[PDB]
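One structure below.
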Amino acid sequence: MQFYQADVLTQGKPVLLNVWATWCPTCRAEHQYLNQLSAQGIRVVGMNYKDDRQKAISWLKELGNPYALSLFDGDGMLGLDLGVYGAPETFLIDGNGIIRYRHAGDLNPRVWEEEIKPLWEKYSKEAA
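Under this note's numbering, read the sequence shown as residues 889 to 1016, first letter to last.
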């Protein structure tokens, strides 16, 4: 069990927080897409939710780990309030630890390209 300060997750810059599970139908494809965004330099923090830890681990080994930091059930965050949340959701947090967007559903090229990416750029320039 590990707890993290908000600043450790953001490092003073925007970050994506993805809440996922192996039982989630759209999460397999989403995972593969995150590997792509992660390669493009996007910092992503993962939160495995209401899932079997061992199955999540195997999932990350088989398909790869796009997460800079990976959290599981039992882990927590300090200084970051997500309110009522759960899988499948993706949050955009700015460099100051403020939630600037939340998307319920799977993260795919369209949501990223049309909805989130512009906000990400917005706060990237603001943090820099």
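Ideal Cβ positions, reconstructed from N, Cα and C, are used throughout, including at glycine.
Judged by DSSP secondary structure, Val999 falls outside any alpha helix (DSSP H); it is assigned neither H nor E. Looking at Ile987, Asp969 and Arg941, the one whose alpha-carbon comes closest to that of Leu904 is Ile987.
Residue pairing of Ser958 in beta bridges, as defined by DSSP: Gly934.
One thing to note: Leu897 has its Cβ no nearer than 7 Å to the Cβ of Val932.
Residue environment: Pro913 is assigned as exposed (fewer than 16 neighbouring CB atoms within 10 Å of its CB, all protein chains considered).
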